[PDB]
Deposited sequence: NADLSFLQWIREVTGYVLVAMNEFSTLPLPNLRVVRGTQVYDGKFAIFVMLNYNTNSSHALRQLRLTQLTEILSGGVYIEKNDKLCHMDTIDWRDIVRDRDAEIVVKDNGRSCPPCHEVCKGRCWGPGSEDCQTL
C-alpha cells in the first residue's frame, strides 16, 4: 500500500498486503476486509527462541503450514515445496 522497500537490507535485530523481508535470516528478539496476507520471511532458518505470538491477522496465509485463526481460506503451497511454504511460489519455502 505504501513504499517500505528500505528494509530488505535489514539482516539483524501496516494495513498493506505483503511484508517483504527475503533477506532476514536470524532473529533473537530480546472493516478489515483487506488486510495483510503474506508474511514474506522466505529465508528464515534460525529463529533461536520460538517466541511466536503472531495470531488472528484474519488474512495471514501460510502460517499454519510453517513448522517453527490467522487465515482460514488459503491457497496450497507448491507440491514440490512439500507443504512448508511462506507463500504460493516455489521460492517461498522453509528450511528447518
| property | result |
| --- | --- |
| Deposited positions lacking CA coordinates | 14-21, 39-55, 94-107 |
